[PDB]
Number of protein chains: 2
Amino acid sequence: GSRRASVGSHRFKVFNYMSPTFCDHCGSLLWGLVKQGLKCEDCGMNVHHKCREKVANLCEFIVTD
Amino acid sequence: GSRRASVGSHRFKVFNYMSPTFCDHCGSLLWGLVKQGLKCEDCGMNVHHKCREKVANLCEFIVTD
Ligand SMILES: [Zn+2]
Ligand SMILES: [Zn+2]
Ligand SMILES: [Zn+2]
Ligand SMILES: [Zn+2]
């Protein structure tokens, strides 16, 4: 048997973090109070703008529906 | 670039076909007027009861959402 996964590539979009949040790639704070980084619309990964270029494109998550 | 796909295993459920439908595995008619076979709830594959055991479990479809 198998889980069902949604498999694609990340879809990053600038996001307004309402509390201090860290880059899921590098571990440093997403600096500032607005538009601090990007959140993947599909899997929720948070990255610095600069880290968008560093992450693997692979985007998967378990579909728990 | 990558499509987004849902990737899992088939989820077959007995189905009552309304019009003449063929087995997606073997090509023979799904005989009868009721419960003629099974349809995968995820990808729509149609199979005879006897062909359920013959198909690969892999179930994928492109999510066009
Ligand atoms: Zn993602
Ligand atoms: Zn970072
Ligand atoms: Zn299927
Ligand atoms: Zn068949």
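Values below: all heavy atoms of this structure, side chains included; hydrogens, waters and symmetry mates excluded. One-based numbering, in listed order, for ligands and for the atoms of each. Below, chain A is the first sequence line, B the second, and so on; all start at residue 1.
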Output, in order, the C-alpha distance, side-chain angles, deciding distance and verdict of side-chain hydrogen bond (donor to acceptor under 3.5 Å, both in side chains) for B/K35 and B/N16.
CA-CA 5 Å; B/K35 298 148 33 192; B/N16 303 298; over 6 Å; no
How large, to 10°, is the angle at the Zn ion (ligand 2) when you draw lines to SG on A/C26 and to SG on A/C51?
110°
Within 2.8 Å of the Zn ion (ligand 2), is there any N, O or S atom belonging to A/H48?
yes
Metal site angle (apex the Zn ion (ligand 3)), ND1 from B/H10 and SG from B/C59, 10 degrees:
110°
Which value, rounded to 10°, describes the SG(B/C43)-the Zn ion (ligand 3)-SG(B/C40) angle?
110°
Can you check side-chain contact (heavy atoms from CB on, under 4.5 Å) on A/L38 and A/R52, steps first, answer last?
CA-CA 8 Å; A/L38 304 101; A/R52 190 183 185 170; 3.6 Å; yes
To the closest 0.5 Å, what do you measure between NZ (A/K39) and CZ (A/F12)?
10.0 Å
When you measure from the side chain of A/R3 to the backbone of A/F61, do you find a donor-acceptor pair of N or O atoms at a distance under 3.5 Å?
no
